[PDB]
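Asker: Next one to model:
(4 chains, ligands or ions: 7)
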Amino acid sequence: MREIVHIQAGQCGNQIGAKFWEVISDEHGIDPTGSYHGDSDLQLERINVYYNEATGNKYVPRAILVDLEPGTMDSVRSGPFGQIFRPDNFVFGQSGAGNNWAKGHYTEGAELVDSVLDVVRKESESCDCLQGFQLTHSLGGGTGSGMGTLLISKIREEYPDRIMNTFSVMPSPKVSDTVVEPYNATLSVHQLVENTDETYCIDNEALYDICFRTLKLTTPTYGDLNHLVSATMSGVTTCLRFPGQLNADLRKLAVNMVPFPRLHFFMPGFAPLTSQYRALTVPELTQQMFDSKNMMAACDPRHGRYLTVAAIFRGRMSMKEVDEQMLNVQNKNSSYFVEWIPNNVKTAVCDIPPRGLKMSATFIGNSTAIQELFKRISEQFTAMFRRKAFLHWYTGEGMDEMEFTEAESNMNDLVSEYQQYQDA
Amino acid sequence: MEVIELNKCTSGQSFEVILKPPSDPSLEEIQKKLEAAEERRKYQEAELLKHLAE
Amino acid sequence: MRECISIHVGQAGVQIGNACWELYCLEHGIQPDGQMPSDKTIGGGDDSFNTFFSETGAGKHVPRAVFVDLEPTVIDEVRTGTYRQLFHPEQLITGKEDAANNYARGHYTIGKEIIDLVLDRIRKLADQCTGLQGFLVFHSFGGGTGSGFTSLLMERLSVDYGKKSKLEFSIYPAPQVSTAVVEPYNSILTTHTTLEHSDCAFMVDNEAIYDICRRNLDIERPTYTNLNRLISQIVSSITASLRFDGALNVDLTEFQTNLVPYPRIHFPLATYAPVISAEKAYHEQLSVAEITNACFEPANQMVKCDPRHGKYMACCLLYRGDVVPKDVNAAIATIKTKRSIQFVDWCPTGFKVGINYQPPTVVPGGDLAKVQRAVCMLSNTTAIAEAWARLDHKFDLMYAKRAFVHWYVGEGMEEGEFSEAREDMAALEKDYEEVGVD
Amino acid sequence: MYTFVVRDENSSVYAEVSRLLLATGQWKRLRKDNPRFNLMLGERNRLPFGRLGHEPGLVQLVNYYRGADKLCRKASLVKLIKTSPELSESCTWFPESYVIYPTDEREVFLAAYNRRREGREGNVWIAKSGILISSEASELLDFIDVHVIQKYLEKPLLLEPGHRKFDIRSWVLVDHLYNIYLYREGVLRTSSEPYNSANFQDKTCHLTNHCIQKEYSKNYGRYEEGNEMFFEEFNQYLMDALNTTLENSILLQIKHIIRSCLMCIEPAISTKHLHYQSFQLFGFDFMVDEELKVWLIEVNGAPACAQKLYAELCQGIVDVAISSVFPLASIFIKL
Ligand SMILES: Nc1nc2c(ncn2[C@@H]2O[C@H](COP(=O)(O)OP(=O)(O)OP(=O)(O)O)[C@@H](O)[C@H]2O)c(=O)[nH]1
Ligand SMILES: Nc1ncnc2c1ncn2[C@@H]1O[C@H](COP(=O)(O)OP(=O)(O)CP(=O)(O)O)[C@@H](O)[C@H]1O
Ligand SMILES: Nc1nc2c(ncn2[C@@H]2O[C@H](COP(=O)(O)OP(=O)(O)O)[C@@H](O)[C@H]2O)c(=O)[nH]1
Ligand SMILES: [Ca+2]
Ligand SMILES: [Mg+2]
Ligand SMILES: [Mg+2]
Ligand SMILES: [Mg+2]
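Answerer: Numbering: from 1, shown residues only, chains lettered A, B, ... in the order given. Ligands and ions are numbered 1, 2, ... in the order given. Here you go, the structure:
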């Protein structure tokens, strides 16, 4: 029994976090009341990874809900599966973070962080053998970005030998709330490079384009965007939630996916893209899961090379055909896979498909093309920082310009490091 | 091709056929290695906690 | 009679051990109960099967075996499985957190905390032995536990049991069923540390068994269950001489004497025949000549390589079933005139042959069909160095970029151990070429 | 879409082969270190055969037979013929040869030498491994200080006009099924200088190889382009001068020798039930005496081709050796 402690911070973090728990509770057969009503023991064999057991056989999500304002968490509690969460695990303030990394990380978040760590400690003490943490948050706001990375640092201090994993939503001018999002993102990336083991880069730019171009949604809402995220989060955590051989835990996944400590930012993918009654063939699942249009990071994988790849197929299908198709795409595009990491593509197959689908495939790639994401943020950062625009919001919270310079330099370092292994 | 040393029992038999003739670390040292690696882990962790302290 | 203790390390080691002991019970007529309605000496004895099985006063026959794993779920299936009554709880050792496919984590970090426990449990089995002759260790190359903890265990066993022999059954990593990218690292790290502690090691390439299952058992997508039941048949063929009345390989020492002239070169190639599907409606039983000729086909070997472009140092033929010496010699004579077989100059061109009249035992409802005769050939050929060459090449590709190295360093291992291990493998390859190539 | 790699940039034959493969638009060239290939155009020395056929989902083929070097080295060829019961001492198409190491068959050498010493027979021998032709055995061993001393054919078939000796090169392709394919086009490497049975120092009339002729002969290119006579002209010559054909007088023996050598080594190098497949192009060199008898002198494992014949032969390699294993969307005689 290797438990994971889930944490969701800020507006975005709690919105996608709530939908994540809605999806996987349905997959594990848990109702909004915490009662199990499934018809398969595969649903319960590893349910302790994300759920605690209560008397009366109630299953409670090992989840901690954090925000600097009560708004979104009030909506979550009033939501569909709002009752399933432990009331004590709702930690919130009143001030808000005003889309300001400094407020989340240094001032407002500093006042609340200890009460969150108290809940984290209480959950960890109940774990038979805690394997690590997963955090859901955005990098463009204040609470998820600033207080989220503050939490990560504090958690690493108390649990230095545990795996830290994040689902991090990257900001985009296409789907933007504030002009200071590149500032918050750059400051956050600096933290993630040092203090996480695995980070799934979820690009709001990619999510919008998928809703627009593919799902034919004329006016995508955040709800439409979060549908893609929750589906992606379900697929990527499948190997953790169900009996399997490959990447069955956070540490084994990190060992397979991270050849160099700083290069741990993953480009997720999903197929089929759903917003349909005919099922996809195994060849079709394979072609689409590797297609750029099914990627969630808005980076062209043909503009780089794959260091490591994890693939997860769900549903009843021929594992022989899965092996053949996975070998096919590798042998057909071998140039896009680094040759100094032999057999760097790993495939897992789970028998239980996601809701509404008979077959699905989830893609996890460590590609050097992810540098395009950081380059994008870096340009938007510099465009403002060269004129010190909107800096007063941060210096007013006690920050100095030097901290911005350091964050910028370290992200540019990360970019050049990817380029280094792309040419190697 | 010579058959030699034929041994027979109720369970089976065995023989040899020839086609052609010919033409450390102590318990203490192990402990040292394990402890040396452990202190290296302790040092790396101490450096981390120092970095986080700053 | 001299007792043998089997040690099963990690997932591969444990699950293969499961398949083997199941087969052993079937071969010796032992029920999952532990009772053996043919052993007339109730509550003890010194028969050939007592080498692997101890006896209680209640007539239970208990395997002289220890199962070790740093994660409990695999051994938990042994605790609740068909042969749960067979094993004593003290024989089943489990940790809470595995080695995460990391040699250094299994060897240094977690190994240091559990090694004394395992040795103490091994000590208890040894205390029941009147004359322990040594150990049989089962593990994978690619796993963190199978590679890391085994090498530490082998080191300590040499200290605590200096006069005893140690044989290995090692699973060589294959991408078609592999679960880690760093398995080349783990394989070479564990080979370097274990090399001087193993007297004889039988490598089994997962690639070979996988293809044999597809080709000969018509299994589209072989599982570990399919693989392990085939491996258990080969392991049984090798250990049969320790468990039944005979005069060839009757003790662990004789394995080294018969198969290993040079200490470092202790990796004999196993070749098995025939492998026939149980679903095969119509099958013609293969003769002694046909199954013996099959022993010289790469498709039937446990490790894909070409013995034609190497040299033999020793060769043992282990037959089970309807086989007489006359038919063996007649088969060998014909094969010698049609195949490329070359022994080294300082060794006799010959075969040590062992025959057990009992045909191979198959698991009821398994994939393997019953045959009237089968054979396992153990040959020490330099051609098996092809496996080292493959493994070392993958090592070199990743290590040149220092890929994944930080995971090992982070567990307290020095980076120099990598190059040290690699240098030892380079020397090993050179030894094979010296012995095998003109 | 098939894939291949090139690991011998100095190979003229397979540089053309790789060009043709790309021209089909169905073959893709990978980096020389990329292991995910269907076809390997390997290196001449220390080819990693042990790393072949271990790539799941890939049928892998290599342009060399492992162990074929026994036939393609002078020292090993001698030992192969003398010790193989399929060839044996009773091999009438291979000249008397002995393996002589520098500082062994020295004793048997001098014994059969004395058979010609005081027996009044031509005792001219040639040393090969830098070639010395001498009638003095003591002089040969002086030059050697692994070599092989072979009986020099003192009575070769001489082309007229010019009194010219020559050697015949045949190209042989063995596919993955061990089919023996003799290229219907061969070539005669001729000496453009008159044959002298007394001046062995003048090796330009005794050594028929192309490079030496171009370097030391002032009559290079006089009788034919680059001292290369092809089968059409040579056959016509045999008809006009000796009242016979190339097929009857020479090719029958050549076909016999080729099959004998390759069938002998087949069980040692066949990839019939191997996890990877092999093919290889061989270069057989022959000598013809006055009695129209064919002698084998050596086998080349990595032969070049005649400039005129490169296009046809290389296309034939793609057709029967490569495309036979990897089908796309005769110039050979099957022996
Ligand atoms: N033949 C066979 N191979 C196996 C089996 N289980 C695992 N393997 C192989 O062993 C390697 C993985 O090592 P494991 O034994 O699973 O690892 P472990 O020893 O449990 O060590 P950790 O889990 O890393 O602590 C892979 O190459 C697998 O293909 C099995 O039951 N049979
Ligand atoms: N026993 C013999 N009798 C007569 N001539 C001989 C001979 N052995 C060799 N020669 C001549 O010597 C020449 C070169 O012989 P050899 O085959 O050893 O050189 P080589 O291997 O470099 C030619 P290639 O490599 O292009 O096939 C041949 O062209 C042949 O005419
Ligand atoms: N995909 C997705 N992105 C969101 C959502 N809500 C906010 N964002 C993005 O997150 C950033 C705003 O951060 P937010 O989470 O609102 O700030 P916080 O509440 O202070 O953490 C902007 O880049 C938004 O585009 C959501 O529900 N889904
Ligand atoms: Ca008894
Ligand atoms: Mg907001
Ligand atoms: Mg394990
Ligand atoms: Mg030559």
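
Asker: C-alpha only now, for contacts and for neighbours.
Answerer: Noted.

Asker: which stretches of chain B form helices?
Answerer: B:27-53 (DSSP state H).

Asker: actually the stretch 301-424 of chain A, not the one I wrote
Answerer: Using DSSP state H, counting those that start in this stretch, the helices of the stretch 301-424 of chain A run over A:319-332, A:371-385, A:392-395, A:401-423.

Asker: again, but for the stretch 151-300 of chain D
Answerer: D:210-216, D:231-242, D:246, D:252-269.

Asker: before we move on, what about the stretch 151-300 of chain C?
Answerer: Using DSSP H, counting those that start in this stretch, helices in the stretch 151-300 of chain C cover C:183-194, C:206-216, C:224-243, C:252-259, C:288-293.

Asker: For the first one, which helices and strands make contact with it?
Answerer: Secondary-structure packing of helix C:183-194 (3 or more Cα pairs under 8 Å, 6 or more residues apart in numbering or on different chains; DSSP states H and E): helix C:103-104, helix C:150-160, helix C:385-399, helix C:416-436.

Asker: and the chain, what are its domains?
Answerer: No chain in the question, so chain A it is. A:1-259, A:260-369, A:370-424 (curated CATH domains).

Asker: Wait, chain C was what I had in mind.
Answerer: Taking curated CATH domains as the reference, chain C has its domains at C:1-268, C:269-383, C:384-438.

Asker: Over to the closest residue to residue C:324 other than its chain neighbours. Which of the three states is it?
Answerer: Of all residues not flanking residue C:324 in the chain, residue C:355 sits nearest, at 7.7 Å (Cα to Cα, 6 or more residues apart in numbering or on different chains). For residue C:355, the assignment made with DSSP: H, G, I helix; E, B strand; the rest coil gives strand.

Asker: Hmm, residue C:355 is touching residue C:316, no?
Answerer: No - counting by Cα atoms under 8 Å, residue C:316 is not a contact partner of residue C:355; they are 10.9 Å apart.

Asker: And those two? Which one has more around it.
Answerer: residue C:355 (27 against 23; other Cα atoms under 10 Å in any protein chain shown).

Asker: Chain C contacts on chain B?
Answerer: Taking Cα under 8 Å from any Cα of the partner chain as the measure of proximity, chain B contacts chain C at B:7-9, B:11-27, B:30, B:34, B:36-41, B:44.

Asker: what's the closest of the helices of the stretch 301-424 of chain A to chain D?
Answerer: Checking the helices of the stretch 301-424 of chain A against chain D by Cα to the nearest Cα gives helix A:319-332 as the closest, at 6.0 Å.

Asker: What ranges does the stretch 201-350 of chain C have for its strands?
Answerer: C:269-273, C:312-321, C:349-356 (DSSP state E, counting those that start in this stretch).

Asker: Could I get the phi/psi values of residue C:38?
Answerer: With angles defined as degrees, to the nearest 10, residue C:38 sits at phi -130, psi -20.

Asker: And for the closest residue to ligand 2 within chain C, the neighbour number?
Answerer: Closest to ligand 2 within chain C is residue C:438: 22.0 Å, counting by Cα to the nearest ligand atom. For residue C:438, the neighbour count with other Cα under 10 Å is 7.

Asker: Specify the stretch among the domains of chain A that is closest to ligand 4.
Answerer: Closest approach to ligand 4 among the domains of chain A is made by domain A:1-259 (40.8 Å; Cα to the ion).

Asker: How about the closest one and ligand 1, touching?
Answerer: No - for domain A:1-259, no contact with ligand 1 is found by Cα under 6 Å from any ligand atom; the gap never falls below 7.8 Å.

Asker: for that domain, how far is the first residue from the last?
Answerer: End-to-end distance for domain A:1-259: 27 Å, by Cα to Cα, to the nearest Å.

Asker: before we move on, back to that, of all the domains of chain C, which lies closest to residue A:203?
Answerer: For these, the distance to residue A:203 is smallest for domain C:384-438, at 26.9 Å, taking Cα to Cα.

Asker: before we move on, back to that, out of the helices of the stretch 151-300 of chain D, which comes closest to chain C?
Answerer: That would be helix D:252-269 among those, by Cα to the nearest Cα, at 5.6 Å.

Asker: Buried among the residues of chain B next to chain C? Need that as a selection in PyMOL.
Answerer: To isolate the buried members of those in PyMOL, using 16 or more other Cα atoms under 10 Å in any protein chain shown:
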select buried, chain B and resi 12+13+14+15+16+17+30+34+36+37+38+40+41+44
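
Asker: what sits against residue A:357?
Answerer: residue A:279 (Cα atoms under 8 Å, 6 or more residues apart in numbering or on different chains).

Asker: repeat that with 10 Å
Answerer: Contacts for residue A:357 were tallied using Cα atoms under 10 Å, 6 or more residues apart in numbering or on different chains; they are A:272, A:274, A:276-280, A:314-315.
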